[PDB]
Amino acid sequence: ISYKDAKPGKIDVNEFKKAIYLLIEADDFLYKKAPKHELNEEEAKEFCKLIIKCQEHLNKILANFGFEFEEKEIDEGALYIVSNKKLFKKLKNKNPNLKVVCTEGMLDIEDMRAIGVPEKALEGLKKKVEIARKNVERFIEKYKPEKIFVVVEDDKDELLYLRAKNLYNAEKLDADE
Amino acid sequence: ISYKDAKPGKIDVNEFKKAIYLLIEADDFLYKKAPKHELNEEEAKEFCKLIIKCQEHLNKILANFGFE
Amino acid sequence: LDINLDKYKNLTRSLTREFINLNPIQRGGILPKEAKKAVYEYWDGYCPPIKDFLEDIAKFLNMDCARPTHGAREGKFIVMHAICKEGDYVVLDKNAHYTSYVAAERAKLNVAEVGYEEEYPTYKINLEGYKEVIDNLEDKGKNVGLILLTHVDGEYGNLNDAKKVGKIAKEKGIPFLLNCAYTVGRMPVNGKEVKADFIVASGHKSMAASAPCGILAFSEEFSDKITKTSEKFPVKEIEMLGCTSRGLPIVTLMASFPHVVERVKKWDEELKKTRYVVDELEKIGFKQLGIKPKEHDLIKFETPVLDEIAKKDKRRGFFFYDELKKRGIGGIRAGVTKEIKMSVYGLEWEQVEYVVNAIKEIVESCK
Amino acid sequence: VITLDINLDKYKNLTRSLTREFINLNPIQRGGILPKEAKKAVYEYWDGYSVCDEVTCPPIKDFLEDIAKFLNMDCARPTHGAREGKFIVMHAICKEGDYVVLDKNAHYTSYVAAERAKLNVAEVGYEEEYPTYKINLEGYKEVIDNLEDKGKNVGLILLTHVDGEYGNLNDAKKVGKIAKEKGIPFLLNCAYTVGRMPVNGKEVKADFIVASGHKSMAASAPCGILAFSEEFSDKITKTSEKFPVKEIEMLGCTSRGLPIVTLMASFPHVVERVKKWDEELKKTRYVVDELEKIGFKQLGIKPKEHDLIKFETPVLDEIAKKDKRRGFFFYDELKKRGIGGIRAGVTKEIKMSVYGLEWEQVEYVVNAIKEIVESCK
RNA sequence: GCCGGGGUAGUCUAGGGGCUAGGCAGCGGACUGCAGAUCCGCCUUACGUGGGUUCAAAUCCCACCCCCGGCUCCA
């Protein structure tokens with residue numbers, strides 16, 4: 001990759017600001033870990049996460065000037081279950097014909113009891129819970145995929161992971177983001 | 001490349017400094033090319049040169065946490 | 001305490017980068033990258049580099065002494081307070097900045113205005129009228145504490161021959177304060193050439209620094225009253241309140257200083273931008289107010305064609321604000337169509353053309 | 001190609017300092033460290049003025065009312081610091097020649113601002129000098145009466161809520177109650193308290209409160225807050241006559257640019273950190289208890305109810321007189337271990353604060369000092 | 001720019017944390033050509049955008065954009 005190969009294009013200012021903000025956030029580590037700035041495994045993950053997310057935003061900027069980047073990798077045939085629809089939305093813009101479903105929260109309901117607050121709000125959630133567990137079918141039932149991944153963005157998603165494939169096999173996370 | 005692979009290491013302070021200085025230098029283009037921020041071939045090379053050099057400094061930082 | 005803090009979490013949205021700002025007060029306060037790097041080094045805090053900087057400002061303005069301030073208006077009040085006895089008269093032009101009146105009132109001083117050589121359309125100041133006003137006041141028994149000239153006014157952007165008022169003040173034995181806001185950091189200034197006893201400057205208006213900072217330059221003659229120290233704390237200067245200037249504004253001021261010294265040598269290029277804007281916009285029916293040709297970048301236009309459009313547009317006078325906003329241009333007050341003020345100082349020539357063509361396309365599309 | 005008449009490249013020695021290579025122990029510095037929210041705000045607002053159009057959105061109006069509730073005062077105004085806030089009330093409330101009654105621990109700016117407002121000053125003395133140097137708050141009455149009996153007028157009562165030499169907290173309510181029935185305006189200097197610990201202006205019956213943004217509200221210098229009751233609004237917010245909107249004591253200023261932006265940006269971080277003031281005291285008391293083991297004597301009121309610590313350090317003298325660095329040794333030994341904020345050459349006393357530091361940084365500093373006085377005989 | 005109304009699928013209108021809104025000159029298919037009823041999917045990622053809160057947001061929070069009304073001629 002050479003700057004000399006750069007071609008006329010537009011600066012994405014919103015992408016540039018996200019980049020510079022990320023370094024500004026990362027600047028706290030130079031304060032909070034002064035003078036030695038030695039990081040442990042958890043601090044290293046948190047810090048490098050910032051640097052890496054910044055380099056991605058920089059890469060989106062460079063893409064506007066002819067440079068090309070290989071954009072993760074995604075099997076577009078598999079089904080992808082997800083709790084948030086911010087994640088759902090994000091998946092559908094990175095890849096529209098990519099097929100995903102939104103359970104809108106934790107699925108099972110003593111799975112829901114695992115997070116808290118009792119409780120015939122639950123069998124009030126009677127339809128819902130299974131409405132996610134109905135609709136998941138209406139997608140799998142006819143396209144029915146080879147295998148079915150569940151995206152994980154935090155630890156409570158892997159609980160949804162376990163129930164989803166008590167029923168139907170396969171896990172993922174971060175690798176497509 | 002995943003942040004989850006990050007290993008204990010030291011932050012190269014100067015290398016971080018150079019990185020953010022370069023984005024500061026690049027920040028000029030957001031002013032001077034406002035509002036449409038459309039760059040020509042000369043401006044593109046000058047600008048992307050800054051961005052890329054920033055990324056090389058960032059990679060050197062990531063090198064100290066087990067990344068290659 | 002039952003208050004929503006969410007309003008303060010996204011101040012991360014001032015639009016200096018996605019809009020061209022034509023507002024005169026901000027054109028010369030745009031930070032160079034050398035200053036931005038300095039800010040990164042001193043977000044929080046860090047004085048010999050300051051003292052050397054003051055020596056440099058003294059030379060750059062060709063003056064004996066200099067002190068840091070929180071802006072031009074603070075510098076005015078410092079002089080009025082430390083030099084004039086309460087009740088004294090300050091003599092200033094009618095194009096004076098409101099802060100001159102306010103600093104005087106705060107120093108509980110009296111104010112007399114020097115009037116216009118001509119009003120519409122140039123609104124020039126009768127500088128020799130300073131002798132008259134002084135005479136008429138001294139004849140009435142009132143004593144004049146201070147002579148004040150706003151080197152360039154913030155309403156029309158007229159330049160004034162400060163040396164004329166300087167000579168007047170010298171032969172009537174009265175201290176002369178030159179308000180070099182809108183001037184120091186834009187055009188070269190020689191304080192003793194204009195025989196000024198004092199110079200105030202706005203770091204954030206014309207010296208590419210972050211607000212609020214400024215300079216007060218003065219002669220050795222008045223140094224004792226300006227830099228007078230507290231009786232209890234002899235190191236601390238009373239009028240400075242002990243400051244001890246720290247924080248980002250003084251850092252940006254110092255870091256921008258070489259860029260400022262450079263850009264006053266290229267002041268003519270900015271005038272060339274300014275005169276280009278005048279000539280071009282006059283073709284569509286704008287009329288430049290103030291002295292002609294411009295010897296400052298602050299342009300005030302009489303804009304009858306804009307006001308006529310306003311009377312037929314659903315948006316009324318605010319149509320012009322919207323139309324500029326659609327094309328990434330701001331810094332001109334919303335809803336005002338009879339007059340507009342604007343500067344293209346520091347903009348790239350390409351940005352200057354863009355502004356002119358945008359305005360031309362506004363008036364043509366909007367009849 | 002420089003335009004030579006004088007040096008200009010000495011100015012780019014500003015381009016890189018040592019701000020992130022050291023722990024700064026300077027107490028005036030600890031409460032002014034910028035949080036990332038504020039740094040982002042700086043990036044958005046470098047340039048000159050920040051006025052989209054004094055009732056502003058940029059929510060300055062909303063901020064001023066929120067900062068008022070936060071202090072439980074009627075009104076508030078932005079200032080260039082606690083200095084200017086004092087001078088303002090001294091200039092707009094007192095008449096010239098009046099006496100300002102203040103504690104003997106008062107910050108020099110209280111004296112300098114009084115002299116600038118052409119006011120006289122009387123000091124309320126200690127309930128005990130060495131080593132606590134605690135103010136006799138009840139002594140405010142005797143001084144006032146002493147002055148009223150001599151025909152002198154007292155325009156203002158001033159209490160340094162926490163002094164900057166010893167970091168002693170003071171029961172502001174008592175001086176407030178003295179001021180109430182003796183009918184004299186009360187200004188509480190909340191430099192070093194507002195933004196660290198919670199402060200209720202009405203409960204301490206304060207008429208005025210000055211706050212320092214850069215000292216204790218995680219903002220850039222110079223900024224601050226003047227809070228005041230509706231009773232004194234007319235004189236503080238008195239307007240220019242030629243210009244009915246512009247307030248005279250502000251110099252009409254759209255109190256401008258960067259520092260006020262950082263103050264608004266750091267505000268949520270500040271509100272949350274005063275709720276955790278006890279955790280910073282814990283860090284503080286850990287330092288005191290620990291450095292006493294090697295011969296540092298905490299001065300001032302024990303135990304610390306503030307993070308500013310002043311140690312009497314005889315052992316540092318004992319070492320200075322025998323080392324070739326001769327009193328600079330401590331400063332050099334600290335920099336060698338990435339620590340600063342202590343004045344060079346001083347060994348009889350030191351002032352420090354670990355406010356805002358991570359606990360790991362706190363341990364580091366303590367161990368550092370111990371190993372200094374250990375290695376240096 | 002300020003004060004109000006608003007933006008929900010090719011557009012029409014509800015809902016104010018979770019009950020998978022529903023009606024058409026919109027288009028294919030469920031014998032053929034004319035006329036009306038159902039199944040459907042249909043452009044399907046329905047909620048103007050970006051953040052935030054939550055296990056879960058059209059719904060609550062912050063900021064910004066556009067459409068409709070209105071109001072302003074310097075400090």
Side-chain angles (χ1 to χ4, degrees), chain A residues 14 17-18 21 82-109 111-117 121-136 138 142 153-160, chain C residues 4-15 18 24-25 95-102 153-156 300 302-303 306-307 310 314-322 324-326 330-341, chain D residues 51-53 55-59 62 240 242-246 252 254 268:
Chain A
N14 187 30
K17 277 167 151 194
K18 293 181 76 65
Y21 279 2
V82 59
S83 63
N84 286 336
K85 27 189 191 58
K86 151 161 257 172
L87 275 68
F88 168 92
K89 170 152 224 196
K90 286 183 184 304
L91 289 176
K92 229 82 172 310
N93 319 103
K94 180 184 182 176
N95 202 332
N97 62 342
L98 188 71
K99 194 174 59 66
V100 291
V101 295
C102 184
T103 63
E104 297 177 349
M106 196 50 66
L107 200 42
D108 200 69
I109 170 170
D111 286 352
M112 163 60 186
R113 200 143 41 211
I115 315 91
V117 175
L122 269 59
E123 334 196 325
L125 266 38
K126 172 174 304 165
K127 332 194 205 188
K128 267 54 165 172
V129 165
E130 251 285 349
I131 278 181
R133 232 169 284 156
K134 324 309 186 298
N135 191 324
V136 165
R138 333 220 91 184
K142 56 159 156 36
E153 255 283 308
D154 71 26
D155 62 344
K156 317 103 184 163
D157 285 337
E158 290 179 352
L159 189 153
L160 185 149
Chain C
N4 201 335
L5 301 171
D6 289 336
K7 321 163 188 169
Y8 309 97
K9 296 175 180 177
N10 285 0
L11 270 44
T12 62
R13 213 38 168 187
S14 161
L15 316 187
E18 63 183 344
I25 69 178
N95 278 338
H97 192 255
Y98 81 90
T99 53
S100 297
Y101 295 100
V102 174
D153 63 310
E155 189 60 21
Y156 299 101
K300 184 170 185 186
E302 183 181 356
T303 56
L306 288 184
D307 193 76
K314 275 339 185 33
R315 302 160 292 185
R316 299 184 57 189
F318 293 94
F319 84 98
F320 190 62
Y321 175 88
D322 294 337
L324 292 173
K325 187 183 173 184
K326 294 187 187 311
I332 294 180
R333 243 161 261 127
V336 182
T337 54
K338 295 183 70 67
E339 288 166 351
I340 62 175
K341 276 162 59 193
Chain D
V51 281
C52 180
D53 175 316
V55 49
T56 309
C57 308
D62 288 345
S240 174
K242 186 168 184 52
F243 307 96
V245 178
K246 301 301 173 54
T254 34

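Per chain, numbering begins at 1; letters A, B, ... match sequence-line order. Hydrogens, waters and symmetry mates are skipped; everything else that's a heavy atom, side chains included, is used.
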Which part of the nucleic acid does [X] contact within heavy-atom distance under 4.0 Å: base, sugar-phosphate only, or nothing?
| X | value |
| --- | --- |
| C:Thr337 | base |
| A:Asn93 | base |
| C:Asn10 | base |
| C:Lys9 | nothing |
| A:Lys99 | nothing |
| C:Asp307 | base |
| D:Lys242 | nothing |

Does [N] have OP1 or OP2 sitting under 4.0 Å from an N or O in the side chain of [X]?
| X | N | answer |
| --- | --- | --- |
| A:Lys92 | E:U45 | yes |
| C:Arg316 | E:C71 | yes |
| A:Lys18 | E:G50 | no |
| A:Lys89 | E:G50 | yes |

### Message
Roughly how many Å apart are E:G17 and E:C2, using the P atom of each and rounding to a whole number?
### Response
28 Å
### Query
Expressed in whole Å, how much space separates the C1' atoms belonging to E:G26 and E:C12?
12 Å
Paired with [N]: which nucleotide, if any, by Watson-Crick or G-U wobble criteria at under 3.5 Å for both distances?
| N | value |
| --- | --- |
| E:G69 | E:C3 |
| E:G22 | E:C12 |
| E:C60 | E:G52 |

### For E:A21, the sugar region implied by its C1'-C2'-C3'-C4' torsion sign
north
### Query
Measuring from A:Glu104:CD to A:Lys85:NZ, what's the distance to the nearest 0.5 Å?
7.0 Å
### Task
Could you tell me the separation between the CD atom of C:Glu339 and the CZ atom of C:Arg333, rounded to the nearest 0.5 Å?
10.5 Å
### Task
Would you mind calling E:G16 syn or anti? Take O4'-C1'-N9-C4 for purines or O4'-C1'-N1-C2 for pyrimidines, and syn is within 90° of 0.
syn
### Query
Under the 5.5 Å and 30° test, is D:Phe243 stacked on the base of E:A75?
no
### Pairs meeting criterion side chain to side chain donor-acceptor pair (under 3.5 Å) with involvement of residues 86-99 of chain A, two or more places apart
none
#### Entry: Pairwise 5' ranking along RNA chain E for A:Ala121 and A:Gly105, keeping only the more 5' one
A:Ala121
### Task
Return the 5'-most residue of the pair C:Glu155, A:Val100 with respect to RNA chain E, ranking by each residue's nearest nucleotide.
A:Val100
### Task
Give me the ring orientation class for C:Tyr101 and D:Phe243: parallel if the planes are under 30° apart, tilted from 30 to 60°, perpendicular past 60°.
tilted
### Query
Donor-acceptor pair, C:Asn10 side chain versus C:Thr12 backbone, under 3.5 Å?
no
### Query
Watson-Crick or G-U wobble, both distances under 3.5 angstrom: are E:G16 and E:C43 paired?
no
Nucleotide of [options] approaching [X] most closely (side-chain heavy atoms):
| X | options | value |
| --- | --- | --- |
| A:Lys85 | E:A58, E:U45, E:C74 | E:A58 |
| C:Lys326 | E:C74, E:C67, E:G1 | E:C67 |
| A:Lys156 | E:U72, E:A56, E:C55 | E:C55 |
| C:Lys325 | E:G50, E:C73, E:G1 | E:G1 |
| A:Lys90 | E:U72, E:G51, E:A75 | E:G51 |

Short N/O separations, protein against nucleotides 19-21 of chain E, under 3.5 angstrom:
| residue | atom | partner | partner atom | Å |
| --- | --- | --- | --- | --- |
| E:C19 | OP1 | A:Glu104 | OE1 | 3.2 |
| E:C19 | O5' | A:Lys128 | NZ | 2.6 |
| E:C19 | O4' | A:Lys128 | NZ | 2.2 |
| E:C19 | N1 | A:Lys128 | NZ | 2.6 |
| E:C19 | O2 | A:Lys128 | NZ | 3.2 |
| E:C19 | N3 | A:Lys128 | NZ | 3.3 |
| E:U20 | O2 | A:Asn135 | ND2 | 3.0 |
| E:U20 | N3 | A:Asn135 | ND2 | 3.2 |

